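Backbone-built Cβ (ideal geometry, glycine too); neighbour counts: all protein chains shown. None of the figures in this text is laboratory data; all of them are computed from the coordinates on show.
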Amino acid sequence: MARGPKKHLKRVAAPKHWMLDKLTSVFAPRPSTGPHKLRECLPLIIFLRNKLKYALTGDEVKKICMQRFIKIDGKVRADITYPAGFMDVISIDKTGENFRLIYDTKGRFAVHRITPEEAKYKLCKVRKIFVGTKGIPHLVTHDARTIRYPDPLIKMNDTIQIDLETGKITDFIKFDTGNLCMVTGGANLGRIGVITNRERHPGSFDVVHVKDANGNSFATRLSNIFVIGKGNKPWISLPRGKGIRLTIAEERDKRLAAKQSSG
Amino acid sequence: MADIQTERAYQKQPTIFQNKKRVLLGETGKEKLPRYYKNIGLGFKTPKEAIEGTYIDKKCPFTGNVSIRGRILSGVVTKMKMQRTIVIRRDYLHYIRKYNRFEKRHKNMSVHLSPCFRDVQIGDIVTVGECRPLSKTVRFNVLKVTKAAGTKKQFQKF
Amino acid sequence: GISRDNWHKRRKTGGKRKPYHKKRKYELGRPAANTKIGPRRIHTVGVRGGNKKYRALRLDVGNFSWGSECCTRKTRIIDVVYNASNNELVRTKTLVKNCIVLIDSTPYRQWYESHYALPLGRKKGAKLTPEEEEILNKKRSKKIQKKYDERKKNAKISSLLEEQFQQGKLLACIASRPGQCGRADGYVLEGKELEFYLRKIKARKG
Amino acid sequence: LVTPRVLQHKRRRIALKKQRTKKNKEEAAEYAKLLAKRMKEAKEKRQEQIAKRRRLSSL
RNA sequence: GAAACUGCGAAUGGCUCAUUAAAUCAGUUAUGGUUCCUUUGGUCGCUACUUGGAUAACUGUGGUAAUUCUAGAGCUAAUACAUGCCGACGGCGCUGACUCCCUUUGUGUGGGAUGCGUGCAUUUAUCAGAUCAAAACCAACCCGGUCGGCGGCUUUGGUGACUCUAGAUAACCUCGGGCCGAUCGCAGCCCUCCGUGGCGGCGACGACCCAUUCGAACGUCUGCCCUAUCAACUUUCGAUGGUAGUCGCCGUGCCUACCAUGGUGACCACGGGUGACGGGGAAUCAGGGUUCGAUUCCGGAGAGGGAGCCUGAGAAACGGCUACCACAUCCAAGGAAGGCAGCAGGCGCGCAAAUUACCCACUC
RNA sequence: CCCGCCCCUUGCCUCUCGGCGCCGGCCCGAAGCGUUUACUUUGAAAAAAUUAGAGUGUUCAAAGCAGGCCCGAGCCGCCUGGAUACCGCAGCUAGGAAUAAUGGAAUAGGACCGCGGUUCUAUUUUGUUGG
Ligand SMILES: [Mg+2]
Ligand SMILES: [Mg+2]
Ligand SMILES: [Mg+2]
Ligand SMILES: [Mg+2]
Ligand SMILES: [Mg+2]
Ligand SMILES: [Mg+2]
Ligand SMILES: [Mg+2]
Ligand SMILES: [Mg+2]
Ligand SMILES: [Mg+2]
Ligand SMILES: [Mg+2]
Ligand SMILES: [Mg+2]
Ligand SMILES: [Mg+2]
Ligand SMILES: [Mg+2]
Ligand SMILES: [Mg+2]
Ligand SMILES: [Mg+2]
Ligand SMILES: [Mg+2]
Ligand SMILES: [Mg+2]
Ligand SMILES: [Mg+2]
Ligand SMILES: [Mg+2]
Ligand SMILES: [Mg+2]
Ligand SMILES: [Mg+2]
Ligand SMILES: [Mg+2]
Ligand SMILES: [Mg+2]
Ligand SMILES: [Mg+2]
Ligand SMILES: [Mg+2]
Ligand SMILES: [Mg+2]
Ligand SMILES: [Mg+2]
Ligand SMILES: [Mg+2]
Ligand SMILES: [Mg+2]
Ligand SMILES: [Mg+2]
Ligand SMILES: [Mg+2]
Ligand SMILES: [Mg+2]
Ligand SMILES: [Mg+2]
Ligand SMILES: [Mg+2]
Ligand SMILES: [Mg+2]
Ligand SMILES: [Mg+2]
Ligand SMILES: [Mg+2]
Ligand SMILES: [Mg+2]
Ligand SMILES: [Mg+2]
Ligand SMILES: [Mg+2]
Ligand SMILES: [Mg+2]
Ligand SMILES: [Mg+2]
């Protein structure tokens with residue numbers, strides 16, 4: 001039945017934040033192996049043909065990618081199922097536009113055009129700090145990158161801003177109570193706030209509290225916290241809404257009172 | 001414990017060496033044999049009878065080669081008839097939903113008791129940790145023995 | 001073929017269990033090596049993932065060590081004396097981990113006499129006249145006090161070990177699995193291990 | 001058959017190893033600089049500790 | 001640019017529900033007890049201006065009733081098969097001919113040829129794994145300075161926890177049986193100089209190791225339909241535990257040798273039945289419930305029935321191979337060939353279920 | 001019916017290193033936690049589809065995830081959604097202390113720097129290396 005690895009993905013089993021239909025067909029892109037996990041990524045074909053409407057079928061996105069137009073983190077990706085993920089930078093210089101994949105408020109990626117001067121660095125969360133042969137310190141970030149010789153005062157869960165062209169860690173933020181952060185998993189997928197607490201359970205799943213810019217509090221696991229600023233000051237540019245998560249009642253009030261129908 | 005060599009091979013702790021040294025560093029009081037032991041963590045304290053006393057148990061948590069991780073359960077001792085192995089019973093209640101009522105159930109566990117503990121007898125309460133498969137039907141190790149209940153170990157004058 | 005699965009066993013209650021599937025490959029056989037002593041032959045098995053694995057047959061040379069001295073040399077394996085698991089593994093001279101073997105003891109003698117400038121167990125001295133007293137009583141005025149008198153005091157090999165060096169053999173324990181690596185390494189017995197194994201050997205045979 | 005392009009390939013293949021060695025050299029140099037920089041702040045922490053230790057051990 | 005060698009895929013998808021009752025499966029956790037083609041990121045220096053012979057296709061002669069049968073003869077290649085240097089070491093430690101002041105010497109002093117080993121990966125052994133609370137004599141030493149003694153330093157990383165990671169020492173090498181490029185494509189520059197001495201970018205491919213991704217496997221806690229006209233079951237034909245090993249990717253009676261006599265049960269063990277694959281779910285429903293789930297998503301199992309293997313990162317694979325059993329096809333009777341529970345279609349069974357159609361335009 | 005006073009009302013502590021008062025000195029939060037449980041409230045973590053449910057004139061509905069505007073086309077466009085709930089039992093987490101379990105010193109020992117005796121010893125400073 002299953003003697004080896006699988007290579008198909010059914011449309012009904014694909015992640016839900018891809019916001020796919022159910023009548024096009026039985027199958028889904030099935031992102032190829034990459035630096036981001038399968039359930040937490042966003043393939044190139046879905047970002048180009050579904051959210052940007054640049055293409056209309058799979059052939060069109062294939063022949064858009066086969067012209068060396070799309071650059072993910074500086075390098076030119078030719079695959080149409082490459083798993084782009086959190087805090088990535090897309091660049092299409094034929095039209096002069098850059099994006100940044102970040103969860104907006106409702107647990108899905110947004111379209112978040114940024115200035116070309118901001119599409120040079122990216123923030124990365126440290127997952128591992130080990131020592132190699134001859135006592136050389138290494139890093140491992142949330143997107144599989146490995147850095148040799150980091151300054152010996154960066155530890156786990158800290159954030160490092162790296163130059164996209166050279167690697168070469170530039171600056172870093174420390175995991176401490178008072179630092180801006182965005183939640184990247186669970187139920188609060190997208191909300192932004194300050195830490196103010198870190199509960200510790202030796203042996204399993206140390207939980208962390210957060211309190212956003214309106215006095216609302218919510219907790220998560222330490223595995224889903226992402227420090228993105230020193231405090232009340234983001235280092236990357238925030239999307240529209242800024243991870244506030246206004247309730248359904250306030251949603252309805254603002255959608256009705258503003259009468260957001262058209263221009 | 002005067003002679004712990006009872007099987008057909010020399011029992012000795014690994015990572016411990018019988019070294020080159022002079023005459024009369026001790027003819028009795030320093031017999032040149034240190035003790036390997038580790039702390040389990042999670043707040044459990046290594047008993048002094050594992051640090052002082054001598055025995056060879058590779059499957060002991062405090063001196064042997066085994067790592068405690070995962071779940072931590074507890075129970076009462078029901079049988080001590082195997083070598084370094086005891087049988088403990090865990091009772092619980094199972095809630096049926098049709099009726100709004102519970103029912104009594106029980107599970108048995110074979111668990112490993114290090115020679116570090118020498119006071120255990122049927123009726124004690126025992127904490128356990130989760131280890132790799134240690135035999136066909138053993139996956140847990142006794143971390144702590146306690147008996148602080150009625151009809152105590154003996155007359156209460158402590 | 002041969003299988004290491006758990007599902008042919010009775011469950012803890014003593015009840016049978018029925019199979020649900022045919023034998024897999026991640027549950028394999030590959031019969032035993034049964035390493036004898038003789039000129040080297042080594043076969044190679046392809047295992048899960050690639051990762052060739054050397055199965056030895058008829059090894060005759062090992063890499064043994066003397067831990068008091070921190071002196072390890074290549075040596076020849078002569079015979080097997082004790083085996084804690086079975087007794088038919090000494091009748092057939094099959095060489096497994098934690099076996100008790102006799103080795104040649106010569107390179108340790110060479111290193112000792114060279115390092116300490118002092119003899120091992122020797123009966124009489126005539127062979128030392130053309131050679132060997134050349135090494136042991138080297139004709140030099142520099143060093144031969146200051147260095148070798150700091151080598152002395154320490155050069156006190158125990159009774160059993162210096163008794164070993166007379167018959168030309170030692171007693172060693174294998175600490176590597178020749179069936180998996182193809183090497184027969186180990187360490188020479190000393191102290192209480194030596195006493196225990198010597199008493200066991202003396203008590204078993206004869 | 002030997003052709004200028006084969007020798008060009010070989011030249012490339014040697015220059016790559018040369019570049020790698022230069023990279024390793026200068027990276028190790030810079031990191032040793034930064035580590036020596038951190039040791040001074042570590043010394044400063046230790047001396048502050050000892051100073052306040054003697055301060056509070058006065059009385 | 002046919003053919004053929006080479007590389008990769010064919011272990012996905014599709015189909016069906018026979019087996020299966022703490023088994024599968026579901027929620028929950030663990031690999032600090034394992035393997036992982038590929039992707040992304042790190043690593044790449046202790047005859048050489050380029051080595052060897054030998055098979056396809058192709059040419060030509062054939063054999064058999066017969067097949068995706070194949071033999072003999074003549075050529076020719078590699079990123080197939082097989083060898084194998086060059087550079088840049090100006091590389092430290094152990095040795096110790098000798099050699100220099102005053103204490104001969106020992107030791108307080110300073111050079112030193114000579115030789116040996118000297119990258120990562122494997123195997124065994126060993127060492128260290130650093131900072132606690134203060135003073136008094138005696139033998140020798142640094143500094144605040146002096147020719148008998150007073151104040152004053154002690155130094156990778158991480159985990160709840162490792163016999164972890166990194167370091168030092170002594171050896172080992174598995175070769176035919178680790179690595180350190182004899183490989184292919186685009187477009188260019190200076191010559192104490194006349195094509196070579198030189199050097200310059202961009203790719204493709206390949207590759208030891210680590211991490212990441214996609215997983216796989218083995219484990220923890222809890223959860224199951226009917227049955228007592230099933231009350232005791234299990235055990236040299238391993239049953240429960242202990243010590244040493246074999247084997248395995250690894251933990252483990254997984255298997256062997258030697259010991260102990262254990263383990264489960266009225267809280268239903270053990271045995272039997274199921275027209276039983278599990279679940280997400282479906283019908284009905286005041287509140288509670290009852291019945292169904294072969295079936296499009298997740299997991300498992302199988303390819304007529306059992307069994308055994310090759311290649312491979314991954315298979316006990318059946319659109320692979322080898323046997324036995326049951327069927328059944330061709331034969332020139334010597335021999336050869338088979339597996340629709342894939343899509344259509346046909347026979348049989350039944351109360352009971354569709355076309356031997358068109359297309360890769362969509363989804364992949 | 002959150003702060004604290006008749007004895008206590010998170011509260012006893014024991015010190016210690018990290019940032020916090022003030023005129024070398026003065027002090028509370030930080031470390032254990034209230035014998036434990038069941039129970040109850042709350043957080044975390046649990047594929048989609050289906051089910052309930054928000055928006056949307058498929059011509060209506062079953063469905064589906066769409067869609068809405070303004071320019072003579074002279075914008076080489078703009079706005080906006082693809083919510084939310086439920087997901088038992090078992091496991092994780094923090095408040096509550098009624099109800100129901102379980103336990104404490106009767107031949108005692110709780111407590112205070114109370115001491116007395118014997119006995120093991122950590123290895124820091126007396127600068128360092130050692131008797
Ligand atoms: Mg399949
Ligand atoms: Mg794909
Ligand atoms: Mg089966
Ligand atoms: Mg491999
Ligand atoms: Mg061509
Ligand atoms: Mg491939
Ligand atoms: Mg293949
Ligand atoms: Mg069908
Ligand atoms: Mg049954
Ligand atoms: Mg279970
Ligand atoms: Mg599950
Ligand atoms: Mg499970
Ligand atoms: Mg790579
Ligand atoms: Mg030929
Ligand atoms: Mg055993
Ligand atoms: Mg074992
Ligand atoms: Mg019995
Ligand atoms: Mg049964
Ligand atoms: Mg049955
Ligand atoms: Mg059935
Ligand atoms: Mg059913
Ligand atoms: Mg109802
Ligand atoms: Mg089903
Ligand atoms: Mg059926
Ligand atoms: Mg069907
Ligand atoms: Mg599963
Ligand atoms: Mg199968
Ligand atoms: Mg059939
Ligand atoms: Mg392959
Ligand atoms: Mg088969
Ligand atoms: Mg198939
Ligand atoms: Mg075939
Ligand atoms: Mg078929
Ligand atoms: Mg059919
Ligand atoms: Mg009919
Ligand atoms: Mg019909
Ligand atoms: Mg019909
Ligand atoms: Mg197509
Ligand atoms: Mg609906
Ligand atoms: Mg509707
Ligand atoms: Mg619950
Ligand atoms: Mg509670």
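Here's how it looks for A:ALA55: its modeled amide H is under 5 Å from those of A:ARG49, which are all 5 or more places away or on a different chain. Each label point was placed 7 Å from the Cα along the Cα-to-Cβ direction; for C:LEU160 and C:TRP7 their separation is 5.1 nm. The relative contact order of chain B comes to 18 percent, based on Cα pairs under 8 Å that sit 6 or more residues apart.
Remark: for residue pairs B:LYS12/C:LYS9; A:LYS37/A:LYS233; A:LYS71/A:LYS106; C:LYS124/C:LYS156; B:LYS136/C:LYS52, the C-alpha separation exceeds 25 Å in B:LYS12/C:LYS9; A:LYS37/A:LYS233; A:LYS71/A:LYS106; B:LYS136/C:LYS52. Translational diffusion coefficient, Stokes-Einstein: compute it for chain A using the Kirkwood radius over C-alpha pairs as Rh, at 4 °C and 1.567 mPa s, and state it as an integer in µm² s⁻¹. So the translational diffusion coefficient is about 64 µm²/s.
Of interest is the spacing of the C-alpha centroids, which for the stretch B:16-66 and the stretch A:166-242 amounts to 46 Å. Note on the protein assembly as shown: with charges restricted to the Cβ of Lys and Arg (+1) and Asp and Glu (-1), its dipole about the Cα centre is near 1700 debye.
Going by neighbour counts of Cβ atoms within 10 Å, the residues A:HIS112, A:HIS201, A:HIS36 line up, fewest first, as A:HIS201, A:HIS112, A:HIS36.
Below 15 angstrom from the Cβ of B:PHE17, what's the summed charge of the other residues (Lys, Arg +1; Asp, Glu -1)? Mind showing how you got there, number by number?
On the way: positive: B:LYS12, B:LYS20, B:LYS21, B:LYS32, B:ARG35, C:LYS192; negative: B:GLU31, C:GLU69, C:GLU190, C:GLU193.
Spelling it out: positives minus negatives among the neighbours equals +2.
Our coupling estimate for the stretch A:32-46, obtained by passing each phi through the Karplus curve with A = 6.51, B = -1.76, C = 1.60 and θ = phi - 60°, is 6, 4, x, x, 10, 5, 5, 7, 10, 10, 8, x, 6, 5, 5 Hz, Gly and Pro reported as x. Less than 5 angstrom separates the built amide H of A:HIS112 from those of A:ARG100, all sequence-distant by 5 or more or on a different chain. Rounded to the nearest Hz, the phi-derived 3J(HN,Hα) couplings of the stretch A:178-194 under the Karplus curve 6.51 cos²θ - 1.76 cosθ + 1.60 (θ = phi - 60°) are x, 9, 4, 7, 10, 8, 10, x, x, 8, 8, 7, x, 7, 10, x, 9, where x marks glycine and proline. Taking amide H positions as modeled 1.01 Å from N, with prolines and chain starts lacking one, the residues under 5 Å from C:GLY186 and 5 or more places away or on another chain are C:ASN63, C:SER65, C:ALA175. The long axis of helix C:106-116 is offset from the longest Cα principal axis of chain C by roughly 40 degrees.
Give me the inter-chain shielding for B:145-153: mean count of other chain Cβ atoms within 10 Å, whole number please. Intermediate values should be presented prior to the final figure.
Values: counts 0, 0, 0, 0, 0, 0, 0, 0, 0.
Counting Cβ atoms of other protein chains within 10 Å of each residue's Cβ and averaging gives 0.
Dipole magnitude for chain B: about 580 debye, using +1 per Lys or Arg Cβ and -1 per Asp or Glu Cβ, origin at the Cα centre. Based on Cα contacts under 8 Å between residues 6+ apart, chain C shows a relative contact order of 22 percent. Residues in the stretch D:20-30 carry Karplus couplings, in order, of 4, 5, 4, 4, 4, 4, 6, 5, 4, 4, 5 Hz; the curve used is 6.51 cos²θ - 1.76 cosθ + 1.60 with θ = phi - 60°, and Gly or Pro positions show x. For a straight C-alpha distance cut-off of 27 angstrom, the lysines reachable from D:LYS45 (same-chain residues fewer than eight places away being disregarded) are A:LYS128, A:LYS155, A:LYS174, A:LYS230, D:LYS33, D:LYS37.
Starting from the Cα gyration tensor of the stretch A:1-119, take the square roots of the eigenvalues, sort them a ≥ b ≥ c, and report rounded, prolate or oblate (rounded when a/c is under 1.5, otherwise prolate if a/b is larger than b/c, else oblate).
Working: a/c = 1.65, a/b = 1.50, b/c = 1.10.
Prolate is the answer for the stretch A:1-119, as a/c is 1.5 or above and a/b outweighs b/c.
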